[PDB]
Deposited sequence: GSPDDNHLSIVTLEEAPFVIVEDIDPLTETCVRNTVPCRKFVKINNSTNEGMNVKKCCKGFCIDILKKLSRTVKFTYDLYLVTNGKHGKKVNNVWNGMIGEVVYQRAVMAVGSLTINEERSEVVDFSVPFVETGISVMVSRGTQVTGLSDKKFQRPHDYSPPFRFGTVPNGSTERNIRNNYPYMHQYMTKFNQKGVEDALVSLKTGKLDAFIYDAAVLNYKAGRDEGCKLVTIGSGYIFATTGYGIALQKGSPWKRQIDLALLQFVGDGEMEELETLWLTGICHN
């Protein structure tokens, strides 16, 4: 009944704050912080977590009837298979350190081979962010597919090691090898790169990009098309394969959608001024 749960900061899905308890719309979440780089010693710093996925976790805890010990992943991020070993939130679940992973965790085929995912609770996929008026059709645009056909070539990148880079690597080998020189360390660096003209496009998770375009100062940065999405999928709760918790978590998430509880969370956390 008391479950180890892993998460990862990615606003507005999971936002981390300093703690001497956690109040209001926040829940306790710990983060293992190293003492130094010449030791394995670290300490579990008490922090506070809030956001769309934290609200989902609170609703599930109440409906499905479980308590939890929420922690922030420190071995990687969302999840990548490196030399056949999963790291990130996926790895925590695979290697049974967490009963479930809650956050901005994209459902894809390779992860579904090692973890069970709940039904999708946030629609996502791959979108492209550009300055308003940039002429790009989608991922199949020749500027992306055959970048050296243009002089100067289009400058575009993603945040590596997540579901978006894995999809690009598998589908568009030339685009992928071209793009790696434009890897962005994170979403905030990518938005700065777009706004200062160092990048022409940023390819990333649709739900995060729609949230960022919604809050852009001056509403200059937009997602291409009618907020077009390639490889439509969703964020899902990752559970261990054969988890006894999946059935009731799925029914609860479906109950929240059916009762309009998800639309309320979308208004509270995702919709912006733009």
Wait, which stretches of the deposited chain are just not there in the structure? 1 to 5, 25 to 28, 284 to 285
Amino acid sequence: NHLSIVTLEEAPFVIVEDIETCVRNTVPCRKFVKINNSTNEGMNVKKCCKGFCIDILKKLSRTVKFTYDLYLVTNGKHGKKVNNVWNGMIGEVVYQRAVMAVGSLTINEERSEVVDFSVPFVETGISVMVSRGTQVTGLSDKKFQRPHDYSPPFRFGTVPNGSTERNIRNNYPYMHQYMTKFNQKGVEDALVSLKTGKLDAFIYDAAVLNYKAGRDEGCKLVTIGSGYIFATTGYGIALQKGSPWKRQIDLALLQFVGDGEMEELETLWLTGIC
From here on, numbers count along this sequence of modelled residues.
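Rigid core here is just the name for the largest C-alpha set that superposes within 1.5 Å across the two forms.
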Comparing 7 to 15 to 256 to 264 by root mean square Cα deviation from the shown form in 9 other deposited structures of this protein, core aligned, the larger deviation is found at 256 to 264
Between 254 to 262 and 5 to 13, which has the higher average C-alpha B-factor in the PDB entry? 254 to 262
Quick note on 178 to 186 and 158 to 166: per-entry mean CA temperature factor is higher in 178 to 186
Out of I224, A238, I56, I249, which residue has the highest Cα temperature factor in the PDB record? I224
With respect to the C-alpha temperature factors reported in the PDB entry, which of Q96, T124, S140, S104 ranks highest? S140
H78: which third of its chain by C-alpha temperature factor? lowest
Chain thirds by Cα B factor, record data; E217 belongs to the highest
According to the PDB entry, is the CA B factor of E113 in the bottom, middle or top third of its chain, that is, lowest, middle or highest? middle
Split into thirds by Cα B-factor across the chain's modelled residues, where does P153 land: lowest, middle or highest? middle
Comparing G88 with the other modelled residues of its chain, is its CA B-factor in the lowest, middle or highest third? lowest
